[PDB]
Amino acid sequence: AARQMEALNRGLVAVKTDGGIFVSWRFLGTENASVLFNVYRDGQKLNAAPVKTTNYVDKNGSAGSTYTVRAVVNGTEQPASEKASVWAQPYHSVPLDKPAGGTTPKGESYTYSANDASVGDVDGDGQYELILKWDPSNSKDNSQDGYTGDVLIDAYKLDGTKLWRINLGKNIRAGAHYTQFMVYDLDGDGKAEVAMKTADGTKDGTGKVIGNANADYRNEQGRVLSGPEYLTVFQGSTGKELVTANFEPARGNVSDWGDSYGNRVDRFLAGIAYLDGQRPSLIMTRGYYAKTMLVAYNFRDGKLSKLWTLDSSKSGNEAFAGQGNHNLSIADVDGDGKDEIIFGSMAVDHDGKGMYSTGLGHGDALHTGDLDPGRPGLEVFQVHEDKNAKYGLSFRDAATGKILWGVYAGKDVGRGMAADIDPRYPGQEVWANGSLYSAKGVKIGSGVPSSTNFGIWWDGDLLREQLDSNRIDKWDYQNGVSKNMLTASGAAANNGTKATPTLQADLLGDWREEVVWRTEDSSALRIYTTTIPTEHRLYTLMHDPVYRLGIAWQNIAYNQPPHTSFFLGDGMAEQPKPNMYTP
């Protein structure tokens, strides 16, 4: 059946290039193969015949010019899109209200840098707002003791209007593995809510404190190991607390999670999953090294509701322990139209049953998509941390978990990538541990892409490019070397050596993905959209069931790139029209 997706505007963007005014727009999933377009500069039509593809270069437009696009459905023109002005720079600059540094109880001062982002349409105007986590200098991996400054989540319209700031406060430790924020229209009112784990002292967008404004559950290591734990759905448009229930999976004893000093307990992941196969559910997960819990929520009709819990420590679920990554994927792997949860080396079914465990355990990178088009169903490429794992890299049937192939590594293979980078081999290539492989497992020559981080559809072809740091690279499959396509100067990635963008997403223009990177001084976010023309028209990736969810989970823990439900790549079958509705 049809999934709830977002009512998007035309996402019409206009960028000044050397070649003229590059203009792209969304091919909406509401629209048919027969939909064509007309581009208007300042009110006059630029194309003789309606164009098929959703990008256009206006060789005569200037910076002052404004663009609209008109669809042509079934013979007749449609009402104009929103007016788009031309970006003077190849990025749009979103000025941030940069929070002042602070002092921890220990006298240590910290500063803020803009960190992981997510997007939602929070005021329902058809355009994505940027939901931005601020990270304090002293933020901590679960293994490191020390106090951390307050986590701050801002929401920004692309014009730079700071809608609100949520201050998570003293009782939410700052760090990659702590706050996993879900930004999504959970209840289908066309506006996104922001849901995340909150604590006493959490100050919402209106300046209201959740729970006990004065409670301080920070232990002397600056961890928060006692005290209540909340889940708050916030109103997107105001940052107003909508509902706050107690967080699940509950902490219990720190030790249940496989250590006593407070590491494994605070290993959060979060997702959006269409578990009913139609409307989004919220997934909050705790732990992955040993004890592992996934609980599913619906936020609907102003009510937060627990859908199910999977608990590794509950009898029968033994296999589903120690399998989680610092990331997850959400997809319909059994073709039943409901989403399952690729949870590293294990998969949780749409009803919360553990489907399989490869038993290969924890890893730092996970890739779920149609990695092998010549095989029906989805494949999961996964790398594994444990040096004695049967494989360091596994390539498995996403549905059954049966390993189609793996390669024994012998060490911590800490990065893995799937992407169609080589058209000489049908499907997405995978690379980890100094070797690039075909979907079938055949080692492709020698050499790998210079990054094993993100893949991004950035240029005009169906091959995916690589993203790492402030760079987008392209794989020269014939020569076996990576080539740089973009270095975003003055922009920087986040999360140290994970070097993730603030966000990567198709959030404006055509099917290629935008990168959002904070400036070095986090005074602004830079939205880069591609100006490389493509002859391919694809539905906005944000209307792809697997991709859109992928964006929801991008921020979580160790940011993975988003994948599409269908094989998008060289020799792909014409893509399915998405089975969707908007509110």
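Position 1 is the first residue in the sequence shown; the rest follow in order.
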{"query": "Stretch exceeding the other in mean C-alpha B-factor - 130-138, 213-221", "finding": "213-221"}
{"query": "Of 290-298 and 452-460, the one with larger mean CA B-factor", "finding": "290-298"}
{"query": "Top residue by Cα temperature factor, when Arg396, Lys208, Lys353, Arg415 are compared in the entry", "finding": "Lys353"}
{"query": "Top residue by Cα temperature factor, when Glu193, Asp473, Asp420, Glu108 are compared in the entry", "finding": "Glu108"}
{"query": "Within-chain third of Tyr56 by Cα B-factor, per the entry", "finding": "highest"}
{"query": "Where the record places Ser565 (Cα B-factor, split into thirds across the chain)", "finding": "lowest"}
{"query": "Within-chain third of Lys306 by Cα B-factor, per the entry", "finding": "highest"}
{"query": "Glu520 - which third its CA temperature factor falls in, relative to the rest of the chain", "finding": "middle"}
{"query": "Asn559, C-alpha B-factor rank within chain (lowest, middle or highest third)", "finding": "lowest"}
